[PDB]
Amino acid sequence: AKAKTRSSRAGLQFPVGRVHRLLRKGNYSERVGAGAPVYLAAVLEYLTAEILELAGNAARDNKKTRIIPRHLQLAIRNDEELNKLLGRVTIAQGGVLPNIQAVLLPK
Amino acid sequence: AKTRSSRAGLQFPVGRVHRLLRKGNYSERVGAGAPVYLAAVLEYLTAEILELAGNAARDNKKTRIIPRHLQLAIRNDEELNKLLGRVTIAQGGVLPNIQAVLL
Amino acid sequence: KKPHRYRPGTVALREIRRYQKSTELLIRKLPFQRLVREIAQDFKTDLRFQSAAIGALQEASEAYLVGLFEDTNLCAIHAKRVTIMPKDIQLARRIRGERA
Amino acid sequence: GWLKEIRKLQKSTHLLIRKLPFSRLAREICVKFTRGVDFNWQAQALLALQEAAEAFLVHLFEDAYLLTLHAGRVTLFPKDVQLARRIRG
Amino acid sequence: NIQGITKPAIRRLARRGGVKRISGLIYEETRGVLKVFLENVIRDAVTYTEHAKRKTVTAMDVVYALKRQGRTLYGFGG
Amino acid sequence: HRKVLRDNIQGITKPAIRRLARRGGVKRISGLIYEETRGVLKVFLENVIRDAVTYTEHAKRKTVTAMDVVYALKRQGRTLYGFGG
Amino acid sequence: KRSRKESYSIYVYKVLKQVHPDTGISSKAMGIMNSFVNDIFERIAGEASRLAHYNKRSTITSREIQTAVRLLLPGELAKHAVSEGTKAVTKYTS
Amino acid sequence: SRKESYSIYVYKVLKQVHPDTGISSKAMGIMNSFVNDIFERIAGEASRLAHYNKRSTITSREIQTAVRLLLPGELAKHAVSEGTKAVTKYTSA
DNA sequence: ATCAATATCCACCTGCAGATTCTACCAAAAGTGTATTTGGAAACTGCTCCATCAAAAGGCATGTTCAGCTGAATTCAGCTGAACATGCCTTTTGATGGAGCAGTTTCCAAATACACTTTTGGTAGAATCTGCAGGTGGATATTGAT
DNA sequence: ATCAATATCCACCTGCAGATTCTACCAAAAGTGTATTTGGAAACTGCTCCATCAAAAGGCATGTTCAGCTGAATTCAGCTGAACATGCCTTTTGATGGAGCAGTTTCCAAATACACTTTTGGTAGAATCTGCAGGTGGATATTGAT
């Protein structure tokens, strides 16, 4: 009988079978339900979609066709929520957001 | 018959610590010495806090330790304070501390 | 003809814009490697290092220092100053949880 | 006057916000988040929540006050609190 | 209803914080800060309640909510 | 079998520390923040490297990997992206 | 005689091609992405593990995943994540 | 109903470090919290240690490294001493 | 500083109400003894990467000079926040039940685990592909002093 | 109002280091069937919890003087930024091996499995006692006038 992957069954790019294995191997619970790896793989794929969206934008405002860490930093930090979610996270080679305190400008 | 706590020279419960390691989803297997070691560390940290806390309780000439004494003991010790730096003790209050500039 | 000379703070602000625009590491690589190895050596002798281990440490260290400099400058501006001073770093680290 | 007040309240450990206002606010906030349900509250849940909130406010007041004194003042200003909240991240 | 957090109560809180003098606008700022705190914690705690299929917020719900926001509370069962 | 490493926190030069403060948006710099920065950087590296070396020792290795450092950073609340693969 | 390192790279690239078909990604940026996926994975799985433990349940189901997602993501992000996870689950069971 | 707790052992330890001193029921609640907390930090770290190294067993070695990673120095020294001491005592008689 | 006069602070006390300990009972948990399995340590080895040296080019750290402007100290006014007394409304404290509802307890269809076998999807190395880094040089600021 | 003097922006260009695609092998997901487990579905209870509803205790809301502080204005010494020349040490690229990370394979000290028996810890009421609600009263601050 012909094989269909659970990723296809769920309509997802991220690998459901791999996520399931990683849940088993991680000692999170004695047992793992069928729907947990689908849900988890979907959530990860969505957040990935959301970061690649904004960072691709940043890459096009910088007239670049390839996303570099700087674009990830711009996307995360300029988005209030991606910034709260990765607020204790450092992006290697990402730099910081342009910000000069006004008091420092000439007057 | 004697318990594993007795064999290891401990008041803290080795059998219980071991069961909690098994049931806590920490690893597939748990070695014989892991719960002994862990129970010992726990009893040591408890001994240290009860030590300083009794000290603080008697410096306020009280015979019974209350959260206030635990707070004083933990905060006046640099290491207990750094270990419990993100921890709030209910009914413990804060350390008496007025900035000098205000005096 | 008088030699041209910018005013104190023109070049500083120019550099703020420049480095806030960029993402390269700001400490030299080899001095940083010697620092890392010396510290490690004091913990355990004869240690080796993947180059990416040193790179990771530099990325984290530089991100940490930039961020602490941010908070330091906020503290300096709070006391109606434009110059950051050691008391500013100490206060920022204190409020952050690192000290006192 | 102010000194006695500081020494006295720092020597104590009782909750400093009155219970009924706090619990009324906590339940109101709960109902707002939950789209309007009818959720019950253990007494110990409300007391835990108030212990946490009061300790949070007291410590934010310590930090904010260090910023106050850093500025050469002894009056705590709102911008002292918000700068402390910013530096805590 | 947030005004039930009175001026003398907030003064008490800041006195425990070692504050000598208090700007008149600190009561509003304190009420707003307390509002954001309670919003965050209560959101998480009620979420723990709903997942457990309970309609009563227990102390443990609040303790979990506090622990996962890095604000560990001792003395309520965890 | 290599020349002793001494006093290398002085290799963290005055211009590099200034550059870091510029990326932090600092316009003016007191003459004593270079030493203060060197001390803060030293405590930071001591803490991270201490933990990472502990992960090295526990894996019975003589080589600090990037993962050792990533773990050290994560457990000190300073998660780094870009060094696990 | 050869190591085999798994990674999220092909799937990050698939998603990338869907949101931005003209755009590529440097290997460092991809490393940032893999770091991110592993990070959120362990945050969600960890929180779900605590949820099952708190409720004396030994199975991690999509319900514990859902509560972990609500607890961990800031709102809106959490809503849209819930939409896509629920949709993937209901599609999967048929 | 059946709620387990560390109260018996905190009371035993208290009686041996200060036989004269007692403890409030709330201070006992604080102690029980402290024990549960440190237990979950050390066991959590031990689990991450065994997993990073592709190990399925948590042994006293993973406990030792976890204690080294988690306790501030000195506190860690005495903890390592007491755990090692307790194990070697347990393994003989 | 000295008193002088006041206003709270802080040890110190009772006696007794309510918190803690003491005493038994017992399901649930720990321990025991016996049998069986297996994760991982050790002893190999192959082959990544790591260390350390070298030299060359030149980029950048260093130490100088020196003056602009910043921080620190000062002085003074006006306005804000503290210290008051008072009575009134909100909060506390106490049942009364009623009820909601959290926990338990038993059972069973639906679910999950797991060994075996069949199949791809995912990887590593290799073969292509091509974005953009670094190199110009000219426009367009921006700055600072005449 | 304007220029000289600097810097920054910005567009264009190429080829090569770094990203994308291609290709086979194989490890790991999927399919299958059977064994094991579970978390609700439904039907029990006692406990906190809330709605009143209530009666009051006591803490706060209120409005005036005033005393001390926050902020503005000002002044000057000296510190730090800017712009130099100088030369050294970082960067780059490659060598020269060697160490040690990582892959296999074998096999026991250490782990799990399981049927029992022995202890233990939790619990609830009784029997003990500790703290604290309040009441001092003299010390220890504070404030004011010599």
# chains A, B, ... in the order shown; residues from 1 in each chain; ligands from 1
call {"tool": "select_by_dssp", "arguments": {"residues": "chain G", "states": "helix (DSSP H, G or I)", "output": "NGL selection string"}}
result
:G and (9-19 or 27-54 or 62-72 or 77-92)
call {"tool": "residues_around", "arguments": {"residues": "residue 76 of chain B", "least_positions_apart": "4", "cutoff": "12 Å", "atoms": "only C-alpha atoms (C1' of nucleotides)", "output": "list in words"}}
result
residues 49, 52, 53, 55, 56, 69, 70, 71, 72, 80, 81, 82, 84, 85, 94, 95, 96 and 97 of chain B; 100 of chain C
call {"tool": "closest_atom_pairs", "arguments": {"of": "chain G", "to": "chain I", "cutoff": "12 Å", "atoms": "only C-alpha atoms (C1' of nucleotides)", "output": "JSON lines"}}
result
{"residue": "G:1", "atom": "CA", "partner": "I:46", "partner_atom": "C1'", "distance": 8.3}
{"residue": "G:2", "atom": "CA", "partner": "I:124", "partner_atom": "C1'", "distance": 8.5}
{"residue": "G:3", "atom": "CA", "partner": "I:124", "partner_atom": "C1'", "distance": 8.8}
{"residue": "G:4", "atom": "CA", "partner": "I:123", "partner_atom": "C1'", "distance": 6.8}
{"residue": "G:5", "atom": "CA", "partner": "I:123", "partner_atom": "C1'", "distance": 7.7}
{"residue": "G:6", "atom": "CA", "partner": "I:123", "partner_atom": "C1'", "distance": 7.7}
{"residue": "G:7", "atom": "CA", "partner": "I:122", "partner_atom": "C1'", "distance": 9.5}
{"residue": "G:8", "atom": "CA", "partner": "I:122", "partner_atom": "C1'", "distance": 10.4}
{"residue": "G:9", "atom": "CA", "partner": "I:122", "partner_atom": "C1'", "distance": 10.3}
{"residue": "G:10", "atom": "CA", "partner": "I:122", "partner_atom": "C1'", "distance": 8.6}
{"residue": "G:11", "atom": "CA", "partner": "I:122", "partner_atom": "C1'", "distance": 10.7}
{"residue": "G:23", "atom": "CA", "partner": "I:131", "partner_atom": "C1'", "distance": 10.7}
{"residue": "G:24", "atom": "CA", "partner": "I:131", "partner_atom": "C1'", "distance": 9.6}
{"residue": "G:25", "atom": "CA", "partner": "I:131", "partner_atom": "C1'", "distance": 10.8}
{"residue": "G:26", "atom": "CA", "partner": "I:131", "partner_atom": "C1'", "distance": 10.5}
{"residue": "G:58", "atom": "CA", "partner": "I:112", "partner_atom": "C1'", "distance": 11.1}
{"residue": "G:59", "atom": "CA", "partner": "I:112", "partner_atom": "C1'", "distance": 8.9}
{"residue": "G:60", "atom": "CA", "partner": "I:112", "partner_atom": "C1'", "distance": 11.0}
{"residue": "G:61", "atom": "CA", "partner": "I:112", "partner_atom": "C1'", "distance": 11.0}
call {"tool": "write_last_selection", "arguments": {"atoms": "C-alpha atoms", "output": "mmCIF file, in the first residue's frame"}}
result
data_model
loop_
_atom_site.group_PDB
_atom_site.id
_atom_site.type_symbol
_atom_site.label_atom_id
_atom_site.label_comp_id
_atom_site.auth_asym_id
_atom_site.auth_seq_id
_atom_site.Cartn_x
_atom_site.Cartn_y
_atom_site.Cartn_z
ATOM 1 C CA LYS G 1 32.568 6.291 7.855
ATOM 2 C CA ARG G 2 30.539 9.500 7.651
ATOM 3 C CA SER G 3 28.613 11.671 10.107
ATOM 4 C CA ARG G 4 24.943 12.493 9.477
ATOM 5 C CA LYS G 5 23.736 15.831 10.841
ATOM 6 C CA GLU G 6 20.045 16.586 10.734
ATOM 7 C CA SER G 7 18.729 20.116 10.546
ATOM 8 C CA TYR G 8 15.646 22.145 9.641
ATOM 9 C CA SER G 9 17.286 23.636 6.543
ATOM 10 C CA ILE G 10 15.200 22.100 3.753
ATOM 11 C CA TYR G 11 11.964 23.054 5.532
ATOM 12 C CA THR G 23 14.698 35.453 -2.060
ATOM 13 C CA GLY G 24 17.507 33.205 -0.812
ATOM 14 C CA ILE G 25 19.283 32.901 2.539
ATOM 15 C CA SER G 26 22.931 32.949 3.625
ATOM 16 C CA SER G 58 1.289 10.759 31.098
ATOM 17 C CA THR G 59 0.429 11.605 27.475
ATOM 18 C CA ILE G 60 1.398 14.850 25.758
ATOM 19 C CA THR G 61 -1.498 15.609 23.410
#
call {"tool": "residues_around", "arguments": {"residues": "residue 102 of chain B", "least_positions_apart": "2", "cutoff": "9 Å", "atoms": "only C-alpha atoms (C1' of nucleotides)", "output": "short mmCIF file (atom, residue, chain, number, x, y, z; two decimals) with N, CA and C atoms, in the first residue's frame"}}
result
data_model
loop_
_atom_site.label_atom_id
_atom_site.label_comp_id
_atom_site.auth_asym_id
_atom_site.auth_seq_id
_atom_site.Cartn_x
_atom_site.Cartn_y
_atom_site.Cartn_z
N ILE B 98 18.11 51.75 54.07
CA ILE B 98 17.90 53.15 53.72
C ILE B 98 19.18 53.66 53.06
N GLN B 99 19.06 54.18 51.84
CA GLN B 99 20.20 54.80 51.17
C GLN B 99 20.79 55.92 52.03
N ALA B 100 22.13 55.95 52.10
CA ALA B 100 22.83 56.91 52.95
C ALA B 100 22.44 58.35 52.63
N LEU D 3 11.30 59.04 57.91
CA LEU D 3 12.26 58.02 58.35
C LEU D 3 11.55 56.96 59.18
N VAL D 74 15.70 63.28 45.63
CA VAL D 74 15.16 62.33 46.58
C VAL D 74 13.65 62.15 46.42
N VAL E 19 11.81 54.81 49.85
CA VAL E 19 11.63 56.08 49.16
C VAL E 19 11.28 57.13 50.20
N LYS E 20 11.99 58.26 50.16
CA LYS E 20 11.75 59.32 51.13
C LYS E 20 10.63 60.27 50.71
#
call {"tool": "interface_residues", "arguments": {"of": "chain H", "to": "chain A", "cutoff": "10 Å", "atoms": "only C-alpha atoms", "output": "MDAnalysis selection string"}}
result
chainID H and resid 47:48 51 54 56
call {"tool": "interface_residues", "arguments": {"of": "chain I", "to": "chain E", "cutoff": "9 Å", "atoms": "only C-alpha atoms (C1' of nucleotides)", "output": "PyMOL selection string"}}
result
chain I and resi 80-82+101-102
call {"tool": "write_last_selection", "arguments": {"atoms": "N, CA, C and O atoms (P, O5', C5', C4', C3', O3' and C1' of nucleotides)", "output": "compact mmCIF listing (two decimals), in the first residue's frame"}}
result
# COMPACT_ATOMS: atom_id res chain seq x y z
P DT I 80 3.92 72.94 41.16
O5' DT I 80 4.28 71.51 41.76
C5' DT I 80 5.64 71.07 41.71
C4' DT I 80 5.97 70.30 42.95
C3' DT I 80 4.90 69.30 43.38
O3' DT I 80 5.49 68.15 43.88
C1' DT I 80 5.39 70.72 45.16
P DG I 81 4.71 66.76 43.79
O5' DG I 81 5.23 65.99 45.09
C5' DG I 81 6.41 66.44 45.71
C4' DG I 81 6.33 66.26 47.21
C3' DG I 81 5.41 65.15 47.71
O3' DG I 81 5.93 64.66 48.92
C1' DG I 81 4.59 67.21 48.48
P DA I 82 5.29 63.40 49.67
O5' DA I 82 5.49 63.81 51.20
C5' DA I 82 6.67 64.55 51.56
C4' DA I 82 6.48 65.23 52.90
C3' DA I 82 5.78 64.40 53.96
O3' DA I 82 6.42 64.61 55.21
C1' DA I 82 4.54 66.37 53.54
P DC I 101 -19.18 26.49 39.14
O5' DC I 101 -17.91 25.59 39.47
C5' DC I 101 -17.28 25.73 40.75
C4' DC I 101 -16.76 24.41 41.32
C3' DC I 101 -16.38 23.35 40.27
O3' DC I 101 -15.10 22.85 40.56
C1' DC I 101 -17.62 22.39 42.01
P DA I 102 -13.80 23.47 39.86
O5' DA I 102 -12.91 23.93 41.10
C5' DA I 102 -11.74 23.24 41.41
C4' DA I 102 -11.98 22.14 42.43
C3' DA I 102 -11.11 20.89 42.25
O3' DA I 102 -10.48 20.57 43.48
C1' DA I 102 -13.34 20.28 42.60
call {"tool": "interface_residues", "arguments": {"of": "chain D", "to": "chain I", "cutoff": "12 Å", "atoms": "only C-alpha atoms (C1' of nucleotides)", "output": "VMD selection string"}}
result
chain D and resid 1 to 5 7 to 8 17 to 24 38 to 42 74 to 76
